[PDB]
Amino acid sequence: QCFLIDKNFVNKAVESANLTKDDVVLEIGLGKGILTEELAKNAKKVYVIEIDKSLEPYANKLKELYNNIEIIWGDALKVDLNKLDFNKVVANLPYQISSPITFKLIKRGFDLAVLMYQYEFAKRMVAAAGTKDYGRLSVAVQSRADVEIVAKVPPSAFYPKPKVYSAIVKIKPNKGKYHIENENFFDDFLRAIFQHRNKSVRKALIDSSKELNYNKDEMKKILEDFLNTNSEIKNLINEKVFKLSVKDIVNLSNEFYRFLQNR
């Protein structure tokens, strides 16, 4: 485990979280408890989910100085987050859980999260439409939250030093900006189209038709009919998947959902 040791990066994360004594913070991963201490100083209460009980002496040290820290010994991917009353999340994430934890957290909901990821993952999360790093992850996150990289974090900020840079990412859920009609269909639609990111949406959907439970012939005919509904749809489905904006992918998928349900 590469512990975050550089207090300057702890400070940047904590600052980005805009904490007050009315906030309740979830942290994932205890590490040395440096970040934990700063959270406890500034927030009402902090929950820490930590899988490795050999880190208990760090927990015990903290609990001597702070009365507002609760340690949950367990797997963050398994814990029922619905049962905890946090409004913010601040963590140097265990990188291996980056994707599922992000969506688990977003599903549960929060006012704001400030999370450290490996740099390449963060770049993908925030990537602009039509760029090399833009993909399913980018749209999956940006359709649900405003995201931005707060700071790049060098290997030297950790001990032992990792092989790659990390990045602090601020995530602010934003449900009403894009308004997903049906989350499960949206998820299936994203999966299908990003299996062929350099093809037109139309051709991607045909190739991946089985991801939406249609055979290739069915899907071809569906899209013929769909394209005839209006000129905007025609223009969207003929563009390359990775070139459509998040707004356009959300609206296209919403329209397609409504189309299929009507049919």
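The first residue of the sequence shown is number 1, and the count goes up from there.
- With 60-68 and 42-50 compared on mean CA B-factor from the PDB entry, the stretch scoring higher is 60-68.
- When the modelled residues of the chain are ordered by C-alpha B-factor, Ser200 sits in the middle third.
- When the CA B factors of the chain's modelled residues are split into thirds, the value for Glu27 lands in the lowest one.
- Per the PDB record, residue ranking by Cα B-factor puts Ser209 in the middle third of the chain.
- Sort the modelled residues of the chain by CA B factor and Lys152 lands in the lowest third.
- In this PDB entry, the Cα temperature factor of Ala13 sits in the top third of its chain's modelled residues, the highest group.
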